[PDB]
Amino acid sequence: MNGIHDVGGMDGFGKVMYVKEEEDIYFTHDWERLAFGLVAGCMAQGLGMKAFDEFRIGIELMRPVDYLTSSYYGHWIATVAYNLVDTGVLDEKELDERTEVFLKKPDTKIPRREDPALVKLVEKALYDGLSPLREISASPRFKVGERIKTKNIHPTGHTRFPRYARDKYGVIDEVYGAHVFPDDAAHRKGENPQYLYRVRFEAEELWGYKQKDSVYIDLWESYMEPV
């Protein structure tokens, strides 16, 4: 989707706010910590999301005005709420009513529950991860060194094909193997893995600019065609 999140190549966002890393605080509010716990806790059990594809599309679907103002972990709260309602784990009305309760009475007490088995399950996700590498019977369409042209496609659902890289000539840098295909998996339509490639693009091709700059981007096979 050609959304507010796809910012590569945009102007007007201003200077980068430099901060010494030692001063670059991770969390300034407890709800931000909670957001991390909710995301990993849910994902570890496949609740609302099995991996990060479903996670990302929920953020991309945010109202643009919210995306730019929520702060980072606000994105995470948005996608947890979106996905849990979308999959039927939570009811939207019940969630809205409970949200109102905490709005009006922020000091409302949180229920306590110890579940050591769930802790171990969450640990498994944290340490074992969720590698999207798969195998398919087909061979790669493209080879290292091949010049390709990326497609001019405009998926209305999730994609990992940034707008700035569309309809561009590039050179295959590596064939990684087949990876779970985000454009399908984000919408729960199957892993449907495709070959994933790293592709190098020159500044002159991307922007018509004159410096010794390049961008390496990972692209799924269906994002590209031969020349």
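Residue numbers run from 1 along the displayed sequence.
Higher mean CA B-factor, judged across 109 to 117 and 146 to 154 from the recorded values: 109 to 117. According to the PDB record, 97 to 105 carries the higher mean C-alpha B-factor of the two stretches 97 to 105 and 134 to 142.
Across the residues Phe13, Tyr18, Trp207, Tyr216, the deposited record lists the maximum Cα B factor for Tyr18. The PDB entry assigns its highest CA temperature factor, among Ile4, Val227, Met224, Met1, to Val227. Split the chain's modelled residues into thirds by C-alpha temperature factor. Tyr127 is in the highest one. When the CA B factors of the chain's modelled residues are split into thirds, the value for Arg56 lands in the lowest one. When the modelled residues of the chain are ordered by C-alpha B-factor, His187 sits in the middle third. Sort the modelled residues of the chain by CA B factor and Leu90 lands in the highest third. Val171: CA B factor in the lowest third of modelled residues in this chain (values from the PDB entry).
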